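Read the structure below first, then the notes.
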Amino acid sequence: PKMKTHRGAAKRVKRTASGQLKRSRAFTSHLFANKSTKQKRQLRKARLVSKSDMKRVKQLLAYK
Amino acid sequence: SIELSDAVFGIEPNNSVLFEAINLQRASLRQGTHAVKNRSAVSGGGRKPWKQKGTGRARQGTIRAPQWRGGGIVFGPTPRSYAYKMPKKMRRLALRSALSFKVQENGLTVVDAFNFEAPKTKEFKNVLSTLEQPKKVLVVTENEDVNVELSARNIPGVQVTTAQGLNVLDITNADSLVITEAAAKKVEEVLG
Amino acid sequence: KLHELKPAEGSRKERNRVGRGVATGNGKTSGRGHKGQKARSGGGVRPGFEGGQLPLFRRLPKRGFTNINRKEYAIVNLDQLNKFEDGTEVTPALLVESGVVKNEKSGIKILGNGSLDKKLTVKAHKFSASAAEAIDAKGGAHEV
Amino acid sequence: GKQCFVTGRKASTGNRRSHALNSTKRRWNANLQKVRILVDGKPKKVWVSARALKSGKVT
RNA sequence: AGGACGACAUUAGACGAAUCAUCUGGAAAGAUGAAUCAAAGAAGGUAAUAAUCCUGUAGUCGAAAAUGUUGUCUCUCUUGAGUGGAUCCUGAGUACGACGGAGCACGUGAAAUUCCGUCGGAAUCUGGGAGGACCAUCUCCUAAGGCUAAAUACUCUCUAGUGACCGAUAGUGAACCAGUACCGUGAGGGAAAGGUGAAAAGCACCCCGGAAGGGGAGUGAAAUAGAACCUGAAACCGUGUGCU
RNA sequence: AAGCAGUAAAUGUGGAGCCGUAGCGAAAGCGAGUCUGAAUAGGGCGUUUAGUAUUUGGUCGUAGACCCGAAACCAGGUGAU
RNA sequence: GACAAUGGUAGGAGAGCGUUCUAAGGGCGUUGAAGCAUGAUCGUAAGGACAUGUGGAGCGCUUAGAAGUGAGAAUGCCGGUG
Numbered sequence: 001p002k003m004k005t006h007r008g009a010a011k012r013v014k015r016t017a018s019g020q021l022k023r024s025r026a027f028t029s030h031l032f033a034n035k036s037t038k039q040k041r042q043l044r045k046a047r048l049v050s051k052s053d054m055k056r057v058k059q060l061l062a063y064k
Numbered sequence: 065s066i067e068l069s070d071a072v073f074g075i076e077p078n079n080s081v082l083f084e085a086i087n088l089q090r091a092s093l094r095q096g097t098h099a100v101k102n103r104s105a106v107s108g109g110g111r112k113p114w115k116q117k118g119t120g121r122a123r124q125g126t127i128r129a130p131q132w133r134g135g136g137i138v139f140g141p142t143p144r145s146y147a148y149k150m151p152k153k154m155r156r157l158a159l160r161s162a163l164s165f166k167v168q169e170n171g172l173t174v175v176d177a178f179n180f181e182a183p184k185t186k187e188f189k190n191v192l193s194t195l196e197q198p199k200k201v202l203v204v205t206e207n208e209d210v211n212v213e214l215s216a217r218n219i220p221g222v223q224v225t226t227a228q229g230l231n232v233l234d235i236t237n238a239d240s241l242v243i244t245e246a247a248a249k250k251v252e253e254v255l256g
Numbered sequence: 257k258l259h260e261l262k263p264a265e266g267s268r269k270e271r272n273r274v275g276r277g278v279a280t281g282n283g284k285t286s287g288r289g290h291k292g293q294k295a296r297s298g299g300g301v302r303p304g305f306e307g308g309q310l311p312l313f314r315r316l317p318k319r320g321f322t323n324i325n326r327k328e329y330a331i332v333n334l335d336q337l338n339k340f341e342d343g344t345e346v347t348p349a350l351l352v353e354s355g356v357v358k359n360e361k362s363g364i365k366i367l368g369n370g371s372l373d374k375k376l377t378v379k380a381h382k383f384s385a386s387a388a389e390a391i392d393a394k395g396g397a398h399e400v
Numbered sequence: 401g402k403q404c405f406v407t408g409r410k411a412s413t414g415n416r417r418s419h420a421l422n423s424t425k426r427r428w429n430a431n432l433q434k435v436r437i438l439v440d441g442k443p444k445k446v447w448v449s450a451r452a453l454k455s456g457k458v459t
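Chains A, B, C and D, in that order, are what the protein sequence lines are. Quick note: the first sequence uses the working numbering, first residue 1, plus one each step. Quick note: the second sequence uses the working numbering, first residue 65, plus one each step. Quick note: the third sequence uses the working numbering, first residue 257, plus one each step. Quick note: the fourth sequence uses the working numbering, first residue 401, plus one each step.
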């Protein structure tokens, strides 16, 4: 049958033109009195997944 | 006389597409009706026969296991289809390459209208002898001709067909082409 | 000649057969290494998550939504408009039959990457603000 | 088993759930009552649900 | 909703072209020469390998009687639309709501549409429902009565036919008189067993022996082809011997 | 692609569609630029545009999935000779 | 023609031998097919021939195609025999 995509990965990433994935940042949910005002302001920018995780999880997003 | 066109008969043949067209037409004639029983489908089993530990014998679970004599084929045949496909331009180019090979080999031979009013194989055998054709021949026409296929269908090596029924395998298998002056322009208008 | 056939060079290869001899180097263990979970008929672990520490798409936060009325447009840059003779009032019908647009999704949008260098009368659904200037500085109009 | 005479009411089957959604099979019976209704041939006593006994019957 | 009205199909069948001679051979279909048919060069048998020896194939012909399907003729059936609007009708313990469940891709969630058990319970064309909580305006429709062919799924079974399917440890468990010897109180489980030769021509008769079994002599092209029958291998068991 | 035709042939017709020609952004939406922000100021991703159909080989996913093997668990029956 | 290089498990890459079947071409066979027995033959290996005996009718070669494709070991299954 058709291969099934990961429905919880498809809510956390998006494909860039080169085929890289644009993820989001962890540690931004609560407990903000403990993080610096600079470490809170730089966790607000999205980044790309690594080469290693792309090695691991790249069949789960073969339709994305 | 002579009726041809350099864009359906002057094609430089394409061996790499001709091989795939022949192999495709060969793979598409296979039935594929071959099956075999496995552990699920062999009658019997469902009872361990030796009680596992406490007996000097090797531990077993079924009398229909792939090792026991009498049951269980591991990965045998199964009924599957064998045909595949390829682009339309490649199909057309394969036919053009086959016909150009018959032309370059000096196989093609155009003739005027076949005229048979009653079926008879003596007449067709004599017509081939007059034209001095090889034992394997392909008689092509514009439509179905009920007195050219009733004759020349019990002769060994003579195959009769139509302009809208040309294979790559039946052309590459013959030795000579005997087309008419209608089927020639018909095939030049279909292809090319 | 059916008794003399050759595939194009580099077109076919031998498959590889494990479990048949030690000269092949895949006969015993079949390239699967020694005892482990990855050496058992059956297999290894589910792809991505392994049962071990926390997977990657269970450790990053979700994001965004999907708009139900998202409208997408079939894009047509200016340079694709050069295949049309002068005049030749261009519509989404001529633009699909000509052979530049296939799937008129929600309409067509003329974008302005390239050089027009013609005098057309483009009729589209939406224009870019850098394509209207190009289509009207070579002479020409555009109705929406 | 039993079932309403006039209409067709009869027990149905479903689940019964805990506060943790632990399912367990259970039944839902009809509110059948032994009522002596008046059909000719003889007045006979039969099962009738209390839903049909309201607003129209013979007894 | 009951009957009367000639063509096809099934269930037996008939006709059906064209080859002779020599060598090897136990035997010709093989090799060597010449020759014929073909709407027939599919296939099987025949003392070996056959388009022309047999059964057949292409083609054409056939049906007392039973059945199926089908065309026409009867046999039935059977008043179809357009205006007008006072007023009357238009499926009720139904629709729907609360509580407890289920079903919708949809896990009670903001959950629409749909069913069930218990309680409550509408309106009547200005009516009633839907357009994913809910309200208003717009658009589409008219529940609570029922029937229905085709496209679709499958094969115990009959009729033709096919296979880069097996070839007796394989293919059905079963090519054999197998679901049987048997084995179990029972439900139930389950094997293993193919082949003389072209034709039984299957050894008249003589000799040793109580018989079994031989040794001849005959049948045969072959008897280490003699029914413990094609071939006959390895482990294993022997008899003789060359060097040690 | 299914469908139609035809020797279960192989070969025509069919262009609903599907991939690519343009991205970026949660989205409205702008367009080779866009998003953030007061602001190209800088930065992130782009302008890298040659792809596409079929097919041999390697590997992965869904199916028992390289082969043999439990102690058991559920359902329906058979047993007090 | 000069120079160098060539141990190897797990495993990675390449080139090959052989088996059953299919297509097309070209062959062999009762003047004796395959199989099976022997031999003091050929190839770098997998393996290929030839001669003799037997046997008793089928079988190779070339080029491609497709796989139930090659077994000393699983207290492996079945048969035979120590």
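Think of the CB as a built atom: it goes at the ideal place given N, C-alpha and C, for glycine as much as any other residue.
So residue 20 of chain A contacts chain C; which residues on that side make the cut at Cβ distance below 7 Å? Ordered by position in chain C, no residue passes the 7 Å Cβ test against residue 20 of chain A, which lies about 15 Å from the chain.
Name, please, each residue of chain A whose Cβ falls closer than 9 Å to the Cβ of residue 294 of chain C. Within chain A, no residue comes near residue 294 of chain C; the closest Cβ sits about 15 Å away, beyond 9 Å.
Less than 7 Å between CB atoms is the rule here; does residue 80 of chain B satisfy it with respect to chain C? Closer than 7 Å to some Cβ of chain C, the Cβ of residue 80 of chain B qualifies, so yes.
Does residue 83 of chain B have its Cβ less than 7 Å from a Cβ in chain C? Against chain C, the CB of residue 83 of chain B has a partner CB under 7 Å away; the residue lies at that interface.
Tell me which residues share the same chain as residue 443 of chain D and place their Cβ nearer than 8 Å to its Cβ, disregarding the 5 neighbours each side in the sequence. Here the set comprises 436, 437.
Just the chain B side, please: which residues come within less than 8 Å of residue 264 of chain C by C-beta, in chain order? Ordered by position in chain B, the residues that pass the 8 Å Cβ test against residue 264 of chain C are 79, 80, 83.
Taking the alpha-carbon positions, what's the residue 234 of chain B to residue 166 of chain B distance? Going by the C-alpha atoms only, they are around 12 Å apart.
By the criterion of Cβ-Cβ separation under 9 Å, what are the contact partners of residue 258 of chain C in chain B? What residue 258 of chain C touches in chain B: 86, 233, 236, 237.
Cβ shell of residue 445 of chain D (< 8 Å), same chain only, five flanking positions each side left out: Excluding the 5 residues flanking it on each side, residue 445 of chain D has same chain C-beta neighbours closer than 8 Å at 434, 435, 436, 437, in chain order.
So, is the C-beta of residue 261 of chain C closer than 7 Å to a C-beta in chain B? Cβ-Cβ to chain B under 7 Å: yes for residue 261 of chain C.
Nearest-angstrom Cα distance between residue 155 of chain B and residue 84 of chain B? Taking the straight line joining both Cα atoms gives about 9 Å.
Does the beta-carbon distance from residue 255 of chain B to residue 81 of chain B come in below 7 Å? No, the Cβ-Cβ distance between residue 255 of chain B and residue 81 of chain B is not below 7 Å.
Under 9 Å Cβ-Cβ, which residues of chain C neighbour residue 11 of chain A? Result: 313, 318, 319, 320.
Looking only at its chain, what residues have a beta carbon closer than 7 Å to the beta carbon of residue 75 of chain B, apart from the 5 residues adjacent to it on each side? Contacts found: 160, 161, 164.
Does any C-beta atom of chain C lie closer than 7 Å to the C-beta of residue 44 of chain A? Using a CB distance cut-off of 7 Å, residue 44 of chain A does not count as an interface residue toward chain C.
Alpha carbon to alpha carbon, how far is residue 103 of chain B from residue 112 of chain B? Give it in angstroms, no decimals. Looking at the two C-alpha atoms, the distance is approximately 14 Å.
If we count Cβ pairs, one from each stretch, closer than 8 Å, do we get three or more for the stretch 215-229 of chain B versus the stretch 267-276 of chain C? The answer is no - the stretch 267-276 of chain C does not touch the stretch 215-229 of chain B, with fewer than three Cβ pairs under 8 Å.
Which partner residues does residue 6 of chain A have in the DSSP bridge list? According to DSSP, which records beta bridges pairwise, residue 6 of chain A is partnered with nothing at all.
Have a look at residue 173 of chain B and residue 96 of chain B and give me their C-alpha separation to the nearest angstrom. Cα-Cα distance, rounded: 39 Å.
Under 8 Å Cβ to Cβ from residue 426 of chain D, same chain only, skipping five residues before and after it: list those, please. Here residue 426 of chain D has 413, 414, 415, 416 as same chain residues with Cβ atoms under 8 Å from its own Cβ, once five neighbours each way along the sequence are excluded.
Report buried or exposed for residue 313 of chain C, applying the criterion of at least 16 other Cβ atoms within 10 angstroms of its Cβ. Label assigned to residue 313 of chain C: buried.
Using a Cβ-Cβ cut-off of 7 Å (strictly less than) and excluding sequence neighbours within five positions of residue 224 of chain B, which residues of its own chain qualify? Result list for residue 224 of chain B: 203, 212, 213, 216, 217, in chain order.
Which residue from C/292, C/377, C/258 puts its Cα closest to that of residue 393 of chain C? The residue among C/292, C/377, C/258 with its C-alpha nearest the C-alpha of residue 393 of chain C is C/377.
Does DSSP put residue 383 of chain C in a helix, a strand or coil? In this structure, residue 383 of chain C counts as strand in the three-state DSSP scheme.
So for residue 26 of chain A, helix, strand or coil by DSSP? Judged by DSSP in its simplified three-state form, residue 26 of chain A adopts coil rather than helix or strand.
Answer yes or no: do residue 143 of chain B and residue 136 of chain B have a C-beta to C-beta separation smaller than 7 Å? It is not a contact, given that the beta carbons lie outside the stated cut-off.
Using a 10 Å radius around the Cβ and a threshold of 16 neighbouring Cβ atoms, would you call residue 250 of chain B buried or exposed? Around the beta carbon of residue 250 of chain B, 16 or more other beta carbons lie within 10 angstroms, which makes this residue buried.
Segment contact flag, the stretch 362-376 of chain C with the stretch 329-340 of chain C, C-beta cutoff 8 Å, min 3 pairs: Pairwise C-beta distances place the stretch 362-376 of chain C in contact with the stretch 329-340 of chain C, as three or more of them are shorter than 8 Å.
Around the Cβ of residue 307 of chain C, are there at least 16 other Cβ atoms within 10 angstroms (buried) or fewer (exposed)? Burial call: exposed.
Tell me the rounded alpha-carbon separation between residue 390 of chain C and residue 153 of chain B. Residue 153 of chain B has its alpha-carbon roughly 40 Å from the corresponding atom of residue 390 of chain C.
Whole-angstrom distance between residue 69 of chain B and residue 89 of chain B, CA atom to CA atom: Cα to Cα, the separation comes out at about 26 Å.
If you check the beta carbons only, do residue 132 of chain B and residue 121 of chain B fall under 7 Å apart? Using a Cβ distance threshold of 7 Å, residue 132 of chain B and residue 121 of chain B do not count as a contacting pair.
Per DSSP, what kind of secondary structure is residue 426 of chain D in: helix, strand or coil? Here DSSP, grouped into helix, strand and coil, assigns residue 426 of chain D to strand.
Where DSSP assigns a beta bridge to residue 351 of chain C, which residues make up the other side? DSSP, once it has assigned bridges, lists no residue as partnering residue 351 of chain C.
Alpha carbon of residue 456 of chain D to alpha carbon of residue 408 of chain D, nearest angstrom: Between residue 456 of chain D and residue 408 of chain D, the C-alpha separation is close to 16 Å.
Within 10 Å of its beta-carbon, does residue 188 of chain B have 16 or more other beta-carbons around it, so buried, or fewer, so exposed? With a threshold of 16 other beta carbon atoms within 10 Å, residue 188 of chain B meets it and is buried.
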